[PDB]
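Here the structure is laid out as structure tokens; the discussion comes afterwards.
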Amino acid sequence: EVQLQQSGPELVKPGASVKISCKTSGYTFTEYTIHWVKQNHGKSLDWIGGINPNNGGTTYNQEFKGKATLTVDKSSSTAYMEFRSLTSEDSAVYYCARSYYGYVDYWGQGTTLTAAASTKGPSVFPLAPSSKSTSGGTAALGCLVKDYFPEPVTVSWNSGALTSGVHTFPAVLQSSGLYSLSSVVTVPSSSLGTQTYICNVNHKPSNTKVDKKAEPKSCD
Amino acid sequence: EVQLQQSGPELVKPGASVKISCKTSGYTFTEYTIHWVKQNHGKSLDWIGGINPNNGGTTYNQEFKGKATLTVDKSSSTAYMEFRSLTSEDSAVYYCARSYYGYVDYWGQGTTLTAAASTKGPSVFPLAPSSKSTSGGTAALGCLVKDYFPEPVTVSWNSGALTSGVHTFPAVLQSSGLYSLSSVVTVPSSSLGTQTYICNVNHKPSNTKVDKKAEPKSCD
Amino acid sequence: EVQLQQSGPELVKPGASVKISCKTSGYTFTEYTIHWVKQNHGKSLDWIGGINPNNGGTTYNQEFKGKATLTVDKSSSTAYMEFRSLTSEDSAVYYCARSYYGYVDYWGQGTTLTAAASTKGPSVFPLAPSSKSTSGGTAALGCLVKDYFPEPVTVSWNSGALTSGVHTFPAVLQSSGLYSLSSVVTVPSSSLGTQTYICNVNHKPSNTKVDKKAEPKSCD
Amino acid sequence: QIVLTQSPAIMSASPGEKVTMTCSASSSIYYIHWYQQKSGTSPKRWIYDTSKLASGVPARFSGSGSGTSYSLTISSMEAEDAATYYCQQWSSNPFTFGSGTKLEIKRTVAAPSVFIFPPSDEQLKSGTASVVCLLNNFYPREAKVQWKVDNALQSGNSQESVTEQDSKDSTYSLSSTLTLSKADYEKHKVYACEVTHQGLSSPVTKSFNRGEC
Amino acid sequence: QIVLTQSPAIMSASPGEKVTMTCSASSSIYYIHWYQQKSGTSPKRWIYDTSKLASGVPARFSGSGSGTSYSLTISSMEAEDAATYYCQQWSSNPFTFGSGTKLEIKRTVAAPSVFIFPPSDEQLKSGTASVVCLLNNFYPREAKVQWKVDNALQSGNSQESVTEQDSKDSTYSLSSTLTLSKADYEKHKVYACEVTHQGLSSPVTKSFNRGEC
Amino acid sequence: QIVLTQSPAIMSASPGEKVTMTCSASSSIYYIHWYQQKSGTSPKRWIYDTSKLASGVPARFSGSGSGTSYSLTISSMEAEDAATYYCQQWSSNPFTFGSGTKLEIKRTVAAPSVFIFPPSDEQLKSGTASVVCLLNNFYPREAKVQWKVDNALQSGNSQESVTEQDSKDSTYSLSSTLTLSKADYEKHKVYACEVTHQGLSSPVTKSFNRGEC
Amino acid sequence: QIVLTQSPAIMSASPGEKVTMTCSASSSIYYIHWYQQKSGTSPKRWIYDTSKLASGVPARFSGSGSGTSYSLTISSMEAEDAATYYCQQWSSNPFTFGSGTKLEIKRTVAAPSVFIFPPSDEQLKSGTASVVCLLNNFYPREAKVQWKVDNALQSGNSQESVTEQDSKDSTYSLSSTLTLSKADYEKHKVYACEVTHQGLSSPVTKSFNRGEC
Amino acid sequence: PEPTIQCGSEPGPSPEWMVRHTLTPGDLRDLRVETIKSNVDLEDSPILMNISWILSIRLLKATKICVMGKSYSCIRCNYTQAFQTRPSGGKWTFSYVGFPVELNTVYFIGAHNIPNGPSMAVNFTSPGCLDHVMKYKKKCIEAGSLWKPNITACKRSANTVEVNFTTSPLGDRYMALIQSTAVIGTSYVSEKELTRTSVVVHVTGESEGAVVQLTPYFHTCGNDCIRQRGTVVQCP
Amino acid sequence: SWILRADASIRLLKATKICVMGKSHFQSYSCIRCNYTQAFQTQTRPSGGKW
Ligand SMILES: *[C@@H]1O[C@H](CO)[C@@H](O[C@@H]2O[C@H](CO)[C@@H](O[C@@H]3O[C@H](CO[C@H]4O[C@H](CO[C@H]5O[C@H](CO)[C@@H](O)[C@H](O)[C@@H]5O)[C@@H](O)[C@H](O)[C@@H]4O)[C@@H](O)[C@H](O[C@H]4O[C@H](CO)[C@@H](O)[C@H](O)[C@@H]4O)[C@@H]3O)[C@H](O)[C@H]2NC(C)=O)[C@H](O)[C@H]1NC(C)=O
Ligand SMILES: *[C@@H]1O[C@H](CO)[C@@H](O[C@@H]2O[C@H](CO)[C@@H](O[C@@H]3O[C@H](CO[C@H]4O[C@H](CO)[C@@H](O)[C@H](O)[C@@H]4O)[C@@H](O)[C@H](O[C@H]4O[C@H](CO)[C@@H](O)[C@H](O)[C@@H]4O)[C@@H]3O)[C@H](O)[C@H]2NC(C)=O)[C@H](O)[C@H]1NC(C)=O
Ligand SMILES: *[C@@H]1O[C@H](CO)[C@@H](O)[C@H](O)[C@H]1NC(C)=O
Ligand SMILES: *[C@@H]1O[C@H](CO)[C@@H](O)[C@H](O)[C@H]1NC(C)=O
Ligand SMILES: *[C@@H]1O[C@H](CO)[C@@H](O)[C@H](O)[C@H]1NC(C)=O
Ligand SMILES: *[C@@H]1O[C@H](CO)[C@@H](O)[C@H](O)[C@H]1NC(C)=O
Ligand SMILES: *[C@@H]1O[C@H](CO)[C@@H](O)[C@H](O)[C@H]1NC(C)=O
Ligand SMILES: *[C@@H]1O[C@H](CO)[C@@H](O)[C@H](O)[C@H]1NC(C)=O
């Protein structure tokens, strides 16, 4: 089966260069054009350009011509896109995709690029279960994961051993530019005094791992 | 694909000589004329001259003749432009470009040349958000970056995480001969006292890096 | 509605005067310039001049100043052009036209002026149908209208009662200075023995009307 | 360049309901292609060459049109069809995508369960107070959340975050976070979250008294 | 004074095809104006202020340009577009016109039908002999007519006249008249008209012998 | 020797409107070429050989002309089109450019939000006082800023800086910086920025009193 | 001034195949309307307001489009659909029609049956001889007929006429009429009509000898 | 968004520099004029000129405009600013509203820049009281320019015509007249109320299809009021 | 009621004026101006259909 495998997320200082890769397999590399597509937080899809690996022919969306450069490497069956001077307007997910005619039939998994000087791991605060977060015998508790940059964070609970209702609130961009999210779980209220709940917060961009015990409020 | 890769920015003593380079790739170097183009702060484009890389033959704009010399090095597929005595009138961005017939179909990214007798890093002052602000409403804050030379400075906020609502104004030449600019951002007034705002100012010519936290002025 | 009504055709001796008129209606006479335009058999349009009816102010094509004179009569809302000393070169169609701004939006219908020192009526000879003018069951026959001056002649067939292929060729200038014209019609060859064909030739300048019956040749 | 205008931009359909969405090109194209994208993953080829189904696509999907006018139709809406649909052309350079149709799954009204969380003491040490109000498992998305502090209506100091539609019951959950300096938080007593929703006969308020224990 | 050079001076286009004609000013003008004239009638304002359509002109016509360079374009030729187009300026005195583009209808090749006419006895009794050769309903306009008198090729003693394009089939007809003194006509026997045209694979000849029926 | 004159130097166009810009050569040239430049990057080939579009250039663009007169046309203005366009010739040495047409996008009028910032204590310690007035996200660009110090109108001691049009909302922002010695600054109490703009019916004034937070 | 361009001008479809025809406006219109016309009757309103069917019009017809581009689509061709379809706008004066799409029925190839008719004795009394060659019930329409007299190719003395598609079997028939003087007719013996058609492997020749009943 | 103009009066260099006896080229369009009703209500409004001009010499300090009615008056418009030519996407355009417009008058307007016929000039002849703008002139209104009586005239018998019309607030007396090849009937009417009234006019001949003429006698127009016409028709 | 055309000029739109003329024996004439509270971001309504 055909696969397009893209390189991992990157933080790149504004003004520096970056080259992301798209490793193809399962078909004859020289037979299909490779396209690159941008999707920022606005969720719209923007075509950047395409390259034919057989002869190097290229065409660009002019909003990216002079900004992105497309290349191929036949021996590894790999396509590349290089930004020469990454700016904050370039922070986005970038996809590669394969075409034969006018449509793309296989997509890469996407590469997140962040144009910033630094990363910042989260502070993790408890959302403590109480009578004010209980209904019909189920208590809600969670972790407030605030002031991190860039996305994403992942949260598991009790290292994956916990069965429970789960509500994951998507990150919200704060006016400082830092993100905040809540991860909430619903459990039997009668379990509070006996079971411990640890949210495992992971922030790969800053190589941060934090375990936070969330404990019941003593005021019911 | 064709690429013209130009050398980086240069600070040059007034009256001194400087040589910038243009690295071509993706085509037969000896087959295409290389042109050099100046763009001053008035943004008009001035052709300086062109060179036939096959034989080194040149033609100069006589409005520049004797000030600039064009050379190539065929072995590295590179074109060069040398100014014998850069003056303040010569500070500008310089492009190389490849021609086919009468038009240029590929441009280098430009090289800024600055004639500077000295460098001076900026002072960075806070532009403090006002206490007399509307309930909810929008507050503004910023950083004043004063008395530096030559251009440019770079300004980010919260290490690049804060881009929305940011206006970094064009530098203004003061009557002192030094530049100054402000970078401002508008935020919810309720974020004053809950969020941290730091402007990160960099002036590469003087190796100056300043981070400035901007807070509401202290009442007492 | 706007209308520019021009006077009728004129046959005039060279050296005499003639004044052609342009009767305007449907608008305020004084608000619009009146132009005059000559068109020879060469088909090109030549501007003669224009007049402001308000004050009679004029400007001429200098090839016509002092040959043509433009005047207005505000009371009748009428424009005039006078050739005081007509020459043979002045035979042409003459248009009046109204302009606002640089373009003409309404045209008169045209006035033909013919400069002739004498007239000469044509001889009208038959072009008799035969087997050498027959093809595909179609016989051609006509009238040769020879040696007349000046233009024009009109030719009808069977007093307007004839439905047929009609070809009236433009007059040709003979080396004598006299004109000659052929009018031909195509008819069923099977009709040449029951149907009669008469060409009606009118030469107004000489007050000549000639009807000529055209019949196939037969041996004595 | 060729603009593909997609309508409607957002819509919801009940299970079993017929769904049509249109793609209008600013100039004529030879084919239109459609991609499906669900939250957090790559778009997938869905309909190509205007009317052909990609591998894996159920035939309740169909595509039609020609010239500048195209449509995608779902004969019977399924919950798994909730997604964003993009049309796309490459009849002229540049290759362009449409602006997208977000399709959600409609269900019967469900009232939220409202929960409130006071600031942690750990956060107050750092100087700020985030008060969190939770709206759990409701439909439709529309809801009014108003904060009141000592019966004083707040504005401009809170942010909302809304979940994706639940995979099992298609409801939404919503969080509203009121953020104040440690100073302003420790200055007041009653923090209230007031929820207005179609599934509630009267607006619901959940509160806590600062300084209870 | 602004001279307006129009190109091409004459052209033909098949119905439905795109037509461009240009108007080049010897110096810059603020506007160009265009008039349409069909044979024997007044010009009509057609395009004015460089790009505006006069009332009644179909939008298959467009005008553009600036400075010294202007053009008129027909997106799709119609039969009724056949005409002479004059451009015109009055940014400077004198007011001037261009030399005109004559636009004709292209159609398929059609070979002429050739007919020949001896002089009438009435003309002979007057002293001159006109021999007439007729080419009927042919296209394109180009045609060669050569007279032979007792197989001697003639030159300098004939004149041609051609009609405008027929309103129904867009063909031309041509008359060629050979003139001789009565003395010369009565001295020779075989009078021939030899016609060369694109629609004939070899030149066609029509002839008569003086005194035949 | 040939030079190129471009008109207009600066223009703003409503979204959807037809745009033309002209290039006039001092004597006749064989071709004109057009480059687009957006702020902070290299010019890109846009239209070349007078009328050919580079790959990726929207077909809403066209070029025409001949002799000494050329133009670039946008059939319907889009926000992405705002940029500076330079024409260029190399029919004679030296290779030359025109001075450019700066094309901006028109949007609805929007009044600025005005903010005034006192000098920092860190700056005063050095002996100089900068007072900054901010006009945020307004349209059109024209705006008047008057400084008043204890109601005395200032002049000659202020500088303005204006951003380029925002790519997303097409507004401008402006800073006016009033600079004083520490000596003169500490003599007065009321520092005011008064703003006149088409989107404000009456002038707006923002003030602070020296040394009051 | 809006002109409407229809494509294709003429087309054929087999029963059961999908049919699309387009209507392109020189500029934007609010609606397009379509009329069906069969030979010998008034046009009938078919699709109006771009996509509405007049009462009774089969639902296999649909209309779509916007701005300047519209189309009429038949999901599955039926023989009752053969007709000319005109589009029409009245968003600006003058009210205008498109030039029409003539839709014919495609069917299997059928070779013509060829017949040749000598001139009647009644006509020969008049001096003219019409020789008629008939190609009956063939498909497709394209066919070549060449006349031969004593094996000499004729040209310029024949005219062809073709019927519309037969209502019952969808074939065409063609007449070619060769006209000669009686004089030329009585000079030759063998009159031949040679017919070329896709349904014949080799041209068929039909002939008669003059006066051989 | 441009430099502003403050205009005031100034003497003029005599009406000879404007009305020359040659033609100025018609595509010199830098000066435009249109007649405008200044008052937005439907009562009496002054009718003024909207004189516009387009600004290739770079900068300038004043533009002079002279208007001649066949009267002679000039305005000098000073620019409060200048920019060292066309910043908006249009050209550079200014307009001055002034110069009250009289009925049936020919107007010569010429303009020239300071510092610098003339290239900026426009001429126009004003219409009369039947014109859609000039009918709002006070003198036209007082002659009945805005009266809409909506005449209906109906043949009742062989010698009677029923004439209905709506009166005007400008006056109380009207004369209704019926005319075919000759006047066949007349009625002088007094009506104090603003209503659609009815009047019977005694006719002596055949009144079907004749013209009905309503003459109002408003005190301000004397015998020169705008007359209203209709036609006698049959009845439903 | 009015429908807004769906073209790029809508992005500059700020008001629609409506005038009504009654043709009674004494004619009425009044105009209303309706100002749009925001700029139009999309040429059509995002939930479907012209504005
Ligand atoms: C004079 O004549 C005109 C023309 O005939 C009349 O115009 C009609 O007005 C009514 C009243 O507003 C309209 O019905 C309403 O339309 C609303 C808009 O619906 C559209 O958008 C929806 C999505 O957006 C909606 O929700 C979002 C957030 O959720 C909001 O931003 C937005 O404001 C919308 O409310 C789509 O789902 C929908 O398909 C439309 O495309 C409807 O929202 C509204 O529903 C509300 O009210 C309902 C009861 O009326 C209730 O059942 C719902 O739950 C909801 O609360 C309602 O349907 C007509 O559309 C409109 N017709 C036309 C042709 O314009 C006008 O009323 C009349 N005036 C008088 C006085 O008679
Ligand atoms: C290269 O590829 C092309 C196509 O890209 C082939 O061209 C096709 O050739 C086949 C036959 O070889 C044709 O099939 C025939 O179609 C006829 C109908 O013609 C109309 O309809 C078709 C669409 O189906 C149109 O393409 C066509 O232009 C017409 O509009 C049938 O009537 C044919 O049967 C006839 O021929 C046989 C003998 O040959 C008789 O016995 C039958 O009774 C009847 O008379 C047949 O079904 C097809 O139409 C062609 N298409 C095109 C587009 O041209 C070439 O054949 C191929 N080259 C090679 C070497 O194979
Ligand atoms: C053949 O064409 C296809 C379609 O354009 C293309 O994807 C492929 O790369 C081409 N193959 C080669 C070897 O060039
Ligand atoms: C215009 O300027 C002149 C000279 O400066 C002056 O005399 C005149 O009064 C000014 N006009 C107005 C209306 O201010
Ligand atoms: C105005 O009238 C004058 C005097 O007759 C004339 O010179 C001029 O051409 C007229 N203006 C225009 C625009 O024609
Ligand atoms: C005056 O005329 C110009 C040009 O048409 C127009 O833009 C302007 O709005 C007019 N002003 C008035 C008050 O009519
Ligand atoms: C004129 O009066 C008649 C009768 O009252 C009325 O029906 C008609 O509508 C009126 N017309 C106008 C234009 O006022
Ligand atoms: C005139 O008015 C009278 C009274 O209202 C009415 O009966 C009659 O029908 C009207 N006639 C005409 C012609 O308007």
Side-chain angles (χ1 to χ4, degrees), chain C residues 29-35 49-59 70 72 74 98-104, chain E residues 30 90-91 93 95, chain H residues 5 15-31 33-40 45-54 66-70 88 90-91 93-99 101 106-111 117-125 133 149-156 160-167 176 191 195-201 207-208 212 230-236, chain I residues 25:
Chain C
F29 188 60
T30 46
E31 287 180 4
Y32 293 81
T33 302
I34 292 300
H35 299 264
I51 182 163
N52 184 11
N54 196 318
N55 62 1
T58 60
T59 289
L70 312 183
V72 296
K74 285 185 233 100
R98 183 189 86 165
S99 74
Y100 195 70
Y101 297 124
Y103 53 86
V104 161
Chain E
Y30 294 129
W90 197 20
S91 292
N93 279 316
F95 184 121
Chain H
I5 54 175
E16 292 75 9
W17 74 280
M18 297 168 52
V19 188
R20 287 173 82 171
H21 296 90
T22 39
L23 290 176
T24 60
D27 279 334
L28 298 173
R29 296 177 204 199
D30 287 67
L31 186 66
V33 100
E34 55 182 358
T35 285
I36 66 100
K37 166 176 158 60
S38 78
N39 288 347
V40 314
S45 173
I47 289 79
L48 305 181
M49 299 179 189
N50 179 12
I51 300 167
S52 298
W53 59 101
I54 302 168
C66 297
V67 176
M68 185 227 267
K70 295 237 70 165
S88 66
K91 324 195 180 188
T93 318
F94 302 83
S95 58
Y96 170 85
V97 181
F99 301 100
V101 176
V106 182
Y107 284 105
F108 296 95
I109 303 161
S119 310
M120 288 166 293
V122 143
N123 293 319
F124 81 101
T125 303
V133 164
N150 183 29
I151 297 170
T152 64
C154 212
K155 180 184 177 61
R156 289 300 178 191
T160 56
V161 173
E162 175 193 88
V163 183
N164 292 358
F165 68 100
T166 301
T167 58
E191 176 64 45
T195 173
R196 180 161 189 82
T197 191
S198 196
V199 166
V200 165
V201 54
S207 75
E208 194 179 343
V212 60
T231 59
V232 182
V233 192
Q234 251 304 324
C235 307
Chain I
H25 293 141

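These values consider heavy atoms only, across backbone and side chains, with no hydrogens, waters or symmetry-generated copies. Below, read A as the first sequence line, B as the second, and so on, with proteins coming before strands; counting in each chain starts at 1. First listed ligand is number 1; within each ligand, the first listed atom is number 1.
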Q.
I'd like to know if H/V122 contacts ligand 5, where contact means a heavy-atom distance under 4.0 Å to any ligand atom.
A. no

Q. Is ligand 5 less than 4.0 angstrom away from at least one heavy atom of H/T22?
A. yes

Q) Which atoms from ligand 8 have a heavy atom of H/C154 less than 4.0 Å away? A) 13 (C)

Q: Just go through H/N50, H/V33, H/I36 and tell me whose heavy atom is the nearest to atom 1 (C) of ligand 6.
A: H/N50

Q. Who gets closest to atom 13 (C) of ligand 8 by heavy atom: H/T152, H/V233, H/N150?
A. H/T152

Quick test: of every protein heavy atom, which one is nearest to [atom], and how far off is it to 0.1 Å?
| atom | result |
| --- | --- |
| atom 11 (N) of ligand 5 | H/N123 ND2, 3.2 Å |
| atom 5 (O) of ligand 5 | C/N52 ND2, 2.3 Å |
| atom 12 (C) of ligand 5 | H/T24 OG1, 4.1 Å |

Q. Does a side-chain N-to-carboxylate-O contact under 4.0 Å join H/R156 and H/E162?
A. yes

Q. Between H/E162 and ligand 8, which residue portion shows a heavy-atom distance shorter than 4.0 Å: side chain, backbone, both, or neither?
A. side chain

Q | Minimal non-hydrogen separation, E/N93 against H/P25, with atom names | A | ND2-CD, 3.5 Å

Q | Closest contact, heavy atoms only, H/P118 versus H/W17 | A | CD-O, 3.4 Å

**Q.** Heavy-atom protein neighbour under 4.0 angstrom from atom 7 (O) of ligand 8
**A.** no

